[PDB]
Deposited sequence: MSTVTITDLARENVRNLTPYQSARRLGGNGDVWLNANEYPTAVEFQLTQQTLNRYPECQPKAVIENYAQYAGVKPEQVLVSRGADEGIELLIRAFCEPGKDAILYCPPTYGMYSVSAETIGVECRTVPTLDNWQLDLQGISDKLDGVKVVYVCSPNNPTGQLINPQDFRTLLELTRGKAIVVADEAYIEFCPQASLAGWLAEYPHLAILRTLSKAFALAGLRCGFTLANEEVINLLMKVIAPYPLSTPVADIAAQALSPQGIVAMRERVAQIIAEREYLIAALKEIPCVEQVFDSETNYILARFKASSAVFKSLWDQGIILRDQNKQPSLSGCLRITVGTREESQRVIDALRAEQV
């Protein structure tokens, strides 16, 4: 059959998996943009100059240290495509974390080496140290998804020393806008093998744009340029993204972050008071992890009411946990009341 012609790994593959939507870490409200460049008949630039410069300014890096792609999801893939030789090289991640690291590698055909984090979700530096042989890329989400906490800077120094001249360390900063001070963007000067993933999908409130970035040293960006599609970004996206990255746009973004942090603090306080809520974990992001008694029963009940959360009950060490995206005060009340 046609299926018999497909690659084995593709044949046997784990495909990525009135109501309130608090399940995908998206900003709760739509920010409106309108096209300004009516030049759709022509092919766009590979890397739109306006987008790259506005973002370098914002991130505080040089334009030659930025690469724009279709979301950080593409950034994850590109790194594996340029550095990992399928069948020979490996990827290394630390669960429970973002699922696309393993999906991309499994789709491409690269080995996944896993070293679960410690009980407080911090890095198991000795274990990582023990499994670095044959690893080309290490992914670390900080702040982590789904747990919500930052990785100790001291441990990040250790990981970078361990991988020097052996692997690329990628810090996934998809939610870094919520705790700006914690960004590793300033470490690029000290570490050549450091890469950072950014996105406009969360704090920026532009998930539907599919626009992300990779911050790295020129040598790494240059290698990534050789594996990326010729015109990865559409003109309507590059147009709206440069608009969102204008000074006034950066100011509006910061105001959305502020409003989310305030709503997050309210939500955490209110949930601690709840009986079925055994534990609410602190977060430096736009989502909250919480352990419930009979979480599946609660998940279902809310689901049946039109309140959509993200079950994490199957993730390593997250049994009983549900991830709640922070939305509006009205949506927070709905969850509280429903709980």
In sequence order, the deposited-sequence ranges that have no modelled C-alpha atom: 1-4, 22-29, 352-356
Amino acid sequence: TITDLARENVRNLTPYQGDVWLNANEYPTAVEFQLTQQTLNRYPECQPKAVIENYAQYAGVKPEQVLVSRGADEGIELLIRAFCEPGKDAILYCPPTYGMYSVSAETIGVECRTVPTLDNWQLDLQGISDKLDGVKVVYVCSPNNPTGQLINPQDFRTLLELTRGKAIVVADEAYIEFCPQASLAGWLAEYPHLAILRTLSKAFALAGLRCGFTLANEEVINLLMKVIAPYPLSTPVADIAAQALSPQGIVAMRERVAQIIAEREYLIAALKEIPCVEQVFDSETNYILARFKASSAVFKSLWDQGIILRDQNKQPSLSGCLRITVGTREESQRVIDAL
From here on, numbers count along this sequence of modelled residues.
Coordinates lacking for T14, a third or more of other entries: yes
Mean C-alpha B-factor comparison - 193-201 and 101-109, higher one: 101-109
Stretch exceeding the other in mean C-alpha B-factor - 308-316, 46-54: 308-316
Residue with highest C-alpha B-factor in the PDB entry, from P86, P95, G71, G148: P86
Peak C-alpha temperature factor (PDB record), options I228, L125, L118, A182: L118
CA B-factor placement of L13, once the chain's modelled residues are sorted into thirds: highest
Ranked C-alpha temperature factor of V66 among modelled chain residues, by third: lowest
Third of the chain, ranked by Cα B-factor, where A269 sits: highest
Ranked against its chain, the third holding the CA B-factor of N286: lowest
Chain third (lowest, middle, highest) by recorded CA B-factor, residue given as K166: highest
